[PDB]
**Q** 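The structure is given below, and queries will be raised subsequently.
Just so it is clear: chains get the letters A, B, ... in the order the sequence lines come, proteins before strands, and each one is counted from 1.
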Amino acid sequence: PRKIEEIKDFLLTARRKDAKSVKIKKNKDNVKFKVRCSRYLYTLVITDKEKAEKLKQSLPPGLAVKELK
Amino acid sequence: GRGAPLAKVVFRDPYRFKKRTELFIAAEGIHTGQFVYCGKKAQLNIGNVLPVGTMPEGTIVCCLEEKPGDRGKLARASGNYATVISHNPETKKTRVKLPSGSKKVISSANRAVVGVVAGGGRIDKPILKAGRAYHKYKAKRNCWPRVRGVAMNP
Amino acid sequence: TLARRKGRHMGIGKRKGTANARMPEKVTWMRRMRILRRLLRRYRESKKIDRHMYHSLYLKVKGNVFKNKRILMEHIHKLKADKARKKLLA
Amino acid sequence: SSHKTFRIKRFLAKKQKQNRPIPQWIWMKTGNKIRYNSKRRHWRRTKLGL
Amino acid sequence: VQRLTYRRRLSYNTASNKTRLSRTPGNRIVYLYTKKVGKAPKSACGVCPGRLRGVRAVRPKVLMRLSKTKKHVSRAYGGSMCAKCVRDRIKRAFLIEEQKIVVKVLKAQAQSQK
RNA sequence: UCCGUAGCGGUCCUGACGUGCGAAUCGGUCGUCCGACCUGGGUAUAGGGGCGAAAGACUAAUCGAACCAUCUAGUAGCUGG
RNA sequence: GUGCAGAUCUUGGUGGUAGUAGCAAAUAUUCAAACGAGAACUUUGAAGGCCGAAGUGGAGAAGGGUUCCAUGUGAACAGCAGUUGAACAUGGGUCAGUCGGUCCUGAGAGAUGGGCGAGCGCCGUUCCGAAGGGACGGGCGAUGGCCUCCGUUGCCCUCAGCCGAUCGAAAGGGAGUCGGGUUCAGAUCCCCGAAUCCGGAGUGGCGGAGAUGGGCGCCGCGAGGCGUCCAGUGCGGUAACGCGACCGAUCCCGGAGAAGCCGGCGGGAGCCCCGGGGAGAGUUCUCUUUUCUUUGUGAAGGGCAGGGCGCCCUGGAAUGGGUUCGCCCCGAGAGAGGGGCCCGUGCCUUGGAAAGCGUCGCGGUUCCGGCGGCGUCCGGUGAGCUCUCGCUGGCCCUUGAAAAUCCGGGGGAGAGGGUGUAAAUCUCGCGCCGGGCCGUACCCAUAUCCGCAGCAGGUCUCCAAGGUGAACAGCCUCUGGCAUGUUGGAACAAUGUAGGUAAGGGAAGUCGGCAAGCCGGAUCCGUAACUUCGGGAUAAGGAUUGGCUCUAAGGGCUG
RNA sequence: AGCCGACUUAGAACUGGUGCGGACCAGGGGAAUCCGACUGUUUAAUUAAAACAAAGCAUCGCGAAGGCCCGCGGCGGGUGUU
Ligand SMILES: [Mg+2]
Ligand SMILES: [Mg+2]
Ligand SMILES: [Mg+2]
Ligand SMILES: [Mg+2]
Ligand SMILES: [Mg+2]
Ligand SMILES: [Mg+2]
Ligand SMILES: [Mg+2]
Ligand SMILES: [Mg+2]
Ligand SMILES: [Mg+2]
Ligand SMILES: [Mg+2]
Ligand SMILES: [Mg+2]
Ligand SMILES: [Mg+2]
Ligand SMILES: [Mg+2]
Ligand SMILES: [Mg+2]
Ligand SMILES: [Mg+2]
Ligand SMILES: [Mg+2]
Ligand SMILES: [Mg+2]
Ligand SMILES: [Mg+2]
Ligand SMILES: [Mg+2]
Ligand SMILES: [Mg+2]
Ligand SMILES: [Mg+2]
Ligand SMILES: [Mg+2]
Ligand SMILES: [Mg+2]
Ligand SMILES: [Mg+2]
Ligand SMILES: [Mg+2]
Ligand SMILES: [Mg+2]
Ligand SMILES: [Mg+2]
Ligand SMILES: [Mg+2]
Ligand SMILES: [Mg+2]
Ligand SMILES: [Mg+2]
Ligand SMILES: [Mg+2]
Ligand SMILES: [Mg+2]
Ligand SMILES: [Mg+2]
Ligand SMILES: [Mg+2]
Ligand SMILES: [Mg+2]
Ligand SMILES: [Mg+2]
Ligand SMILES: [Mg+2]
Ligand SMILES: [Mg+2]
Ligand SMILES: [Mg+2]
Ligand SMILES: [Mg+2]
Ligand SMILES: [Mg+2]
Ligand SMILES: [Mg+2]
Ligand SMILES: [Mg+2]
Ligand SMILES: [Mg+2]
Ligand SMILES: [Zn+2]
């Protein structure tokens, strides 16, 4: 597993060709965005509920989204 | 299985770009970083092999050759040495005193490293117990627990 | 075990191992040495004693003069008092 | 042992397959003398060599 | 207290059959078979008893994986010889080469008068 | 080096057993237990040979010359029919 | 091959003994119910017990070979019986790039050359040998495709060491897989989720590095822009060394693999311990804010503690200091400051709460990795036990393996581009494909192995709780396991076997104190002759030991 | 001055029908003689010993085409990587 510190590199890893899926985990005091690539599961950790919702619209349209529960 | 220590001496090959490794028997007083010289024109110091026809009479040697070129056969146990008695410039013969006291006439062209063998006085310390003799001969050969022939059967 | 805290059930009778087997003199010595050398060091960086009295008392501690922390503290105070007349009369 | 070789396991496989009783229909045959399987083997009694 | 068993068929406590304890997400204690401890390279001088610095101590076939900067020090004889015996060999190589020039000069100084 | 456990061994009761749990075991009591220690696996030495801290001990329940086959239906002034 | 009464005759069969010896080593069974024709022995529940962490527990190696699992049977076997079984009869069951074999060498085994030998053959392993079928650069020749530029093989020039073919370890060496779930029986192998190792690539898939800098002459107010002349196989730190790469062959040097036994100390885990919060149980006749169970996070990556350094810089120390448990260190540079490196199995984070577990409750009437509500918390300690890491010391007339394989360095033959759609090159980040063959079930031992057997014998290892206690001693208990070791009932005679106890005497017994008995731990004193001065020695000899209530002494943290 | 914690040692009082290492664990001792120094080993299945070994002591051979020994035989082999 790899942790992406920034938001800008998360968009490139989601826009990779080998990004099989993206999944959103909604727990307390944290929002987790996980992109399943060929080698690693890249995780973006957001502790801002406003930026989580705008990024959720800001995902690329060609990627398959699985909102976890 | 040997009371004498060995010295690993490194030379360089005169014909190929290689470093050559040899195991000499260490003369007493030899330390590391010391340069060991070999040949007819080498000077006379401890740990310095040269033919016996060059050194003067009374020289104390070890690792003496009984035949020219057989890489050392005589006086090479710990604390032992040989003494050069006399030369003979005609017919190239040299008389040496072997560590058993018997004098041998060798050729004048065979080599011996100058000095006594290190680790002398080894038989001075008494083996106090059978265990040290067991550990001594376990490193050499299965010969130690010697049963007397009178204790056997005919 | 709450009575062994008070000291009960540990007399001469209910005692099967030797004194060294129950409380080894080596670990007693090591705790005393670490305590006394800690005290001497803390008295040295606090400038209560200097390098010469620290080196003199280190060897006395190692040579078993002071039995605990308190008798070392009294001896340091006695030496400070005896140095405080030598540096007062000169 | 569990650390078998291929030839030993194949030999054990054959000796497992020969350890079944005779089929019921063979002694309705005309020229028949077999009553049962006399070449049978039990793992506790006969230890198969090896 | 949960007593635990080996996870492989080697039941002897050999040098390769070395384990450590690990706590698991299923709340149980397992064996994890450890790797042997690596050693840093020894200096090529042959006199320094310490091992070299700046090089990771791994098993020899792990050095295939590692990049070059994890395997050497950016210096002449770096990752193979210690800096003390590098500078003590620089001084030696300079000084004996200087003394050879002195001997060459003193040879011609004798041949000039004689 | 001493007491002593696991381990290794086997003093005494000449105990138990002795058509036995057992073609050599069991109980108590014992010797040793950091070293000439104990032990698995691999490997070497083969029969007038090996190997033996030596008892003619061990060498697959077989040892003052193992085991298998053959010479062999060996011979017997001796025993039994 | 012709007549049996014998030959401890041969083979086969059958008696008395005789319903006799016997089914007696390791404390133990009892009540109720179910199935059934049938229950001392099967199954379930309730007891009472034992094995008591060096186990009658949980897993393996060797060996066994289906004994493993499900169902049916009760003919034969399981020395009583059986509704039961490791028996019989039907069917099932072992899934791997990462776990091992496979590869390497060890002691050693073993061809060829050679030698010996009547001969099968034997010796011998580098010894009486023309023992290399390889590679880079060049020249020559052909082939096939953007016949561009590489690749291919044929010949020549050049260069080349090895040490002996081959075999030899399921415990030595040896890259790389862990978490959850799943079966009637298989799981580091199946499923899900996370990784990781090796090999492959013309077009090399992409990005990044190599690297895009300066001078001069013009122009543009400048911001900057065209044209020439060059450089550019990276960069930083005094240093230890660091940064994501950071060309280079034949050759050479070195390292790792690759090292004994023991003692002491320190660090980190796991287990145990104490004080509280939850959740669920147990007692409650009286008391007990009580007693019991449980209360977490993988591999791999990143960061930070912690541990170690025989690493570096300043500076020069006697009134010698620093320092350990012991040691030990220092003008060949100590203390004191400031750095650097290695291991980080510990903590945090990604994994990762989604999964797991506890508890409560709803569904599917059930065939469900079903859906939910909460919780999975805060601390303190230790000459504790085990494992591991590290430091330091002792011992040896004992010095405690090799090779496969991998890496670093020194050299500088060469290669690449003329200022750019820059080139050769890359151990940097991703992206693509593949990993073939064999073993894998179970027992592993008072019933799956060897002893003719379910034989008190033998047979190599891993884990190792609470109390008492010096203790892995003995005894009791918890987790787990079992039914008393090839049978039960009733009696309690002798003689046995295994245990004890005995007035008064105390070896009178006996070959002989045989056997049994006395003594025993710890604390305090005390301790002879003799001696090889080390011992003898726990010499001998006495005194004390329970419970309860106290007192004194022995330490860290903060200012 | 405050806050914390681990096991020990010594002493005193009281107290039980003198019992207290209450089970378990757990050396009988002394004076001498003979032999073997000791630790070790040995007749697996009648003898564990005073037997064997052992260090120490003392002789013997051998300077390598050699001493001792193996081998049917070889420019064979072990000691001898001496
Ligand atoms: Mg021996
Ligand atoms: Mg005899
Ligand atoms: Mg002491
Ligand atoms: Mg059997
Ligand atoms: Mg292995
Ligand atoms: Mg963890
Ligand atoms: Mg580096
Ligand atoms: Mg001893
Ligand atoms: Mg003893
Ligand atoms: Mg008897
Ligand atoms: Mg009888
Ligand atoms: Mg029996
Ligand atoms: Mg022979
Ligand atoms: Mg023997
Ligand atoms: Mg005899
Ligand atoms: Mg006659
Ligand atoms: Mg006829
Ligand atoms: Mg008849
Ligand atoms: Mg009867
Ligand atoms: Mg099991
Ligand atoms: Mg078991
Ligand atoms: Mg029966
Ligand atoms: Mg079964
Ligand atoms: Mg897989
Ligand atoms: Mg051969
Ligand atoms: Mg092989
Ligand atoms: Mg192997
Ligand atoms: Mg310093
Ligand atoms: Mg949950
Ligand atoms: Mg270079
Ligand atoms: Mg299995
Ligand atoms: Mg049985
Ligand atoms: Mg019974
Ligand atoms: Mg019974
Ligand atoms: Mg009486
Ligand atoms: Mg009486
Ligand atoms: Mg009498
Ligand atoms: Mg009488
Ligand atoms: Mg007696
Ligand atoms: Mg005495
Ligand atoms: Mg006398
Ligand atoms: Mg004796
Ligand atoms: Mg006997
Ligand atoms: Mg006996
Ligand atoms: Zn160096």
**Q** Is G/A441 a north or a south sugar when classified by the sign of torsion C1'-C2'-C3'-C4'?
**A**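 Because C1'-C2'-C3'-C4' is positive here, the pucker of G/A441 counts as north.
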**Q** I'd like to know if G/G556 and H/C3 make a pair - Watson-Crick or G-U wobble, with both distances under 3.5 Å.
**A**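 Pair flag for G/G556 and H/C3 is true.
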**Q** Please state yes or no: are the six-membered rings of G/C162 and G/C163 less than 5.5 angstrom apart at their centres, with planes tilted under 30 degrees?
**A**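 Judged by ring centres under 5.5 Å and planes under 30°, these neighbouring bases do not count as stacked.
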**Q** Measure from the side-chain heavy atoms of E/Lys36 and tell me the nearest of G/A256, G/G439, G/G173.
**A**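 Of the options given, the side chain of E/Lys36 lies nearest G/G173.
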**Q** With a 3.5 Å cut-off and heavy atoms only, can you find an N or O donor on one side and an acceptor on the other between the side chain of E/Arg9 and the base of G/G101?
**A**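 A donor-acceptor contact between them is absent.
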**Q** Output the single nucleotide from G/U324, H/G63, G/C88 whose closest atom is nearest the side chain of C/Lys62.
**A**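 Per side-chain heavy atoms of C/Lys62, the pick is G/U324.
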**Q** Taking a pair to be Watson-Crick (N1-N3 plus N6-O4 or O6-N4) or G-U wobble (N1-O2 and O6-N3), each under 3.5 Å, are G/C357 and G/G72 paired?
**A**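 No, neither Watson-Crick nor G-U wobble.
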**Q** From the list G/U349, G/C325, G/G351, which nucleotide is the closest neighbour of the side chain of A/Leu41?
**A**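 My answer, after comparing the listed nucleotides, is G/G351.
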**Q** Establish whether F/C26 and F/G15 are paired, applying the Watson-Crick or G-U wobble definition with both distances under 3.5 Å.
**A**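 Between F/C26 and F/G15, a qualifying pair exists.
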**Q** Let me see the working for A/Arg36 and A/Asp18 under salt bridge (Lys or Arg N to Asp or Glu O under 4.0 Å), right down to the final yes or no.
**A** CA-CA 8 Å; A/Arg36 178 62 243 181; A/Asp18 57 308; over 6 Å; no
**Q** Could you work out which one of G/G65, H/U79, G/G180 sits closest to the side chain of D/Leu48?
**A**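 So the side chain of D/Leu48 is nearest to G/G65.
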**Q** Between G/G65, G/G174, G/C428, which nucleotide has the shortest distance from any of its atoms to the side chain of E/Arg59?
**A**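 Shortest atom-to-atom distance from the side chain points to G/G174.
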**Q** Kindly say which groove of the paired bases is approached by E/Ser80's side chain to under 5.0 Å: the major or the minor one?
**A**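 Look at the minor groove; that is where E/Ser80 is.
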**Q** Please report the sugar pucker of F/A69 as north or south based on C1'-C2'-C3'-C4'.
**A**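 Since its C1'-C2'-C3'-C4' torsion is positive, the sugar of F/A69 is on the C3'-endo, or north, side.
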**Q** Does OP1 or OP2 of H/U82 have a side-chain N or O of B/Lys73 closer than 4.0 Å?
**A**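 B/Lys73 to H/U82 OP1/OP2: no side-chain N or O under 4.0 Å.
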**Q** Which word best sums up how the rings of B/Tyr134 and B/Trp144 line up, parallel for under 30°, tilted for 30 to 60°, or perpendicular for over 60°?
**A**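 Because their plane-to-plane angle is over 60°, the rings of B/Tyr134 and B/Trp144 count as perpendicular.
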**Q** Checking contacts here: which listed nucleotide (H/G63, G/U448, H/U82) is nearest the side-chain heavy atoms of B/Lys104?
**A**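 The closest nucleotide is H/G63.
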**Q** Within less than 4.0 Å of OP1 or OP2 of G/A334, is there a side-chain N or O belonging to C/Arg51?
**A**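 No, C/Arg51 has no side-chain N/O under 4.0 Å of OP1/OP2 on G/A334.
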**Q** Using OP1 and OP2 only, check whether a side-chain N or O of B/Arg148 sits under 4.0 Å from H/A53.
**A**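 Indeed, a polar side-chain atom of B/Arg148 lies that close.
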**Q** B/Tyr134 side chain N/O closer than 4.0 Å to the phosphate oxygens (OP1, OP2) of F/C37?
**A**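 The answer is yes; a side-chain N or O of B/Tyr134 sits under 4.0 Å from OP1 or OP2.
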**Q** The side chain of E/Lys35 is closest to which nucleotide in this list: G/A300, G/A464, G/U188?
**A**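 Taking heavy atoms from C-beta onward, the closest nucleotide is G/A300.
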**Q** Quick one: the side chain of D/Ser2 and the base of G/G439, do they pair up donor-acceptor inside 3.5 Å?
**A**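 Answer no: no donor N or O sits under 3.5 Å from an acceptor.
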**Q** What nucleotide among G/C325, G/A170, G/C241 has an atom nearest to a side-chain atom of D/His3?
**A**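 Side chain of D/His3 sits closest to G/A170.
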**Q** Does B/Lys136 contact G/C397 through a side-chain donor or acceptor facing the base, at a distance under 3.5 Å?
**A**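 Checked by distance alone, the answer is yes.
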**Q** Find the partner of G/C184: check Watson-Crick (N1-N3 plus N6-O4 or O6-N4) and G-U wobble (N1-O2, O6-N3) distances, both under 3.5 Å, and reply none if neither fits.
**A**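 Pairing partner: none.
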**Q** I'd like to know if B/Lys73 and B/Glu66 make a salt bridge, using a cut-off of under 4.0 Å between side-chain N and carboxylate O.
**A**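 B/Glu66 and B/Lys73: not salt-bridged.
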**Q** Is the phosphate of G/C397 approached by B/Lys125 (side-chain N or O, under 4.0 Å from OP1 or OP2)?
**A**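 Result: yes.
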**Q** Distance check needed: G/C397 P versus B/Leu6 CG, whole Å only.
**A**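 Nearest whole value for this atom pair: 18 Å.
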**Q** Give a yes/no on whether any side-chain N or O of A/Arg16 is located under 4.0 angstrom from OP1 or OP2 of G/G429.
**A**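 Checking A/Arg16 against G/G429: no side-chain N or O falls below 4.0 Å of OP1 or OP2.
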**Q** Expressed in angstrom and rounded to an integer, what is the separation of E/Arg51 atom CZ from G/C342 atom P?
**A**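 Rounded to the whole Å, the gap is 15 Å.
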**Q** Do neighbours G/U289 and G/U290 have base six-rings closer than 5.5 Å at the centres and tilted less than 30° apart?
**A**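 Pair G/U289, G/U290 comes out not stacked.
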**Q** For the nucleotides G/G361 and G/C243, establish whether a Watson-Crick or G-U wobble pair is present, both distances being less than 3.5 Å.
**A**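 No; nothing between G/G361 and G/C243 satisfies the definition, which requires both distances under 3.5 Å.
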**Q** B/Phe17 stacking on G/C251: centroids under 5.5 Å, ring planes under 30°?
**A**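 Here the ring of B/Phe17 and the base of G/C251 are not stacked, as the 5.5 Å and 30° limits are not both satisfied.
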**Q** Under the rule syn = chi within 90° of 0, otherwise anti, which is H/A48?
**A**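 This nucleotide is in anti.
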**Q** According to a 3.5 Å cut-off on both distances, are H/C20 and H/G16 Watson-Crick or G-U wobble paired?
**A**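 When the criterion is applied, H/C20 and H/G16 count as a base pair.
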**Q** Report the nucleotide, chosen from G/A195, G/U398, G/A171, that has the shortest atom-to-atom distance to any side-chain atom of B/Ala139.
**A**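 Minimum distance to the B/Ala139 side chain belongs to G/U398.
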**Q** Less than 6.0 angstrom from the centroid, inside 45 degrees of the normal: does E/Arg7 satisfy that with respect to the ring of E/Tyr33?
**A**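 Judged by the rule, E/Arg7 and E/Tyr33 form no cation-pi pair.
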**Q** Evaluate G/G521 against G/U545 for Watson-Crick or G-U wobble pairing; both distances have to be shorter than 3.5 Å.
**A**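 Paired, yes.
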**Q** Which residue in the set B/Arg20, B/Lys19, B/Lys18 passes side chain to side chain donor-acceptor pair (under 3.5 Å) when paired with B/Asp13?
**A**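 When side chain to side chain donor-acceptor pair (under 3.5 Å) is applied between B/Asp13 and each of B/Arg20, B/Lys19, B/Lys18, only B/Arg20 qualifies.
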**Q** Quick check for you: among H/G63, G/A89, G/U324, whose closest atom lies nearest to any side-chain atom of C/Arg37?
**A**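 Selected nucleotide (nearest to the side chain): G/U324.
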